[PDB]
């Protein structure tokens, strides 16, 4: 991720990759040229090879050890250039090699924004399948949808708004708790890590409402356990806030941060003691939670128990 090298052997390599002279690039590999050579502006041979469209050169540099997520000075990566110039064959290999699908640049433009502006239907559906979140906003708040219309690509607009719709349905299903509906939408290409304008994902909703069955399904498909809304709240927080024991276990088993804090500074244990949950408190301690965590107002979980008149919960904590 990002380089800034400098060498005469590198300059020969960049020019060789730009012009697309496959062979002379290979000789420079053996002759000692640096695969990750960067020039003044941070451009690497993979950048020039991706924009030039020479798939042969791109494949070789990946094999040798080129940085797939190399970000030049302007934030562009090989995926940006490979998308701004409509090289479908190159957008597919950089993704197999683990490239950041949603890589913001200096102006916040992700690779999808580019695939939408120019209307490369091919690259779009490719980026969408590899998890490219639809509601990607840049400096000007122009999502790929808000940008596809501004340039007259109406078939892209529909395919995007048709995806943003699916995501909203995924939250509504998780909120109300319909296991079959939430399975339909995932199977239709609904990003599990889709966060509405308030930063909430279907993982929070399945945890606060107590729809256990839907939780692990989101986690199984890769739901971010440590997802935070605009208030810094984690699905683990809401599992303790409401007091749904079974979901607390699953969230921790999958790697839920126990030290998480909302925008006030409440740990999942601060909330369990608050809401008077006798058993939820013993579970978070069982997993080693900071006993004397102080929120923004310096109150331990013990204090929240007394002020609310929580006898037994307070005792349990004083012992530990």
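Residue numbers count along the first chain shown, from 1.
Comparing 38 to 46 with 278 to 286, the higher mean C-alpha B-factor in the PDB entry belongs to 278 to 286.
Legend: mean Cα B-factor per stretch from the PDB entry, 241 to 249 versus 120 to 128; the higher mean is in 241 to 249. The maximum CA B-factor among the listed residues 293, 55, 264, 68, taken from the PDB record, is found at 293. Residue 14 sits in the middle third of its chain by CA B factor, as recorded in the PDB entry. For residue 208, the recorded CA temperature factor ranks within the middle third of the chain's modelled residues. Ranked within its chain, residue 76 lands in the lowest third, by CA B factor from the PDB record. Among all modelled residues in this chain, the alpha-carbon of residue 84 has a temperature factor (C-alpha) in the lowest third. Split the chain's modelled residues into thirds by C-alpha temperature factor. Residue 110 is in the lowest one.
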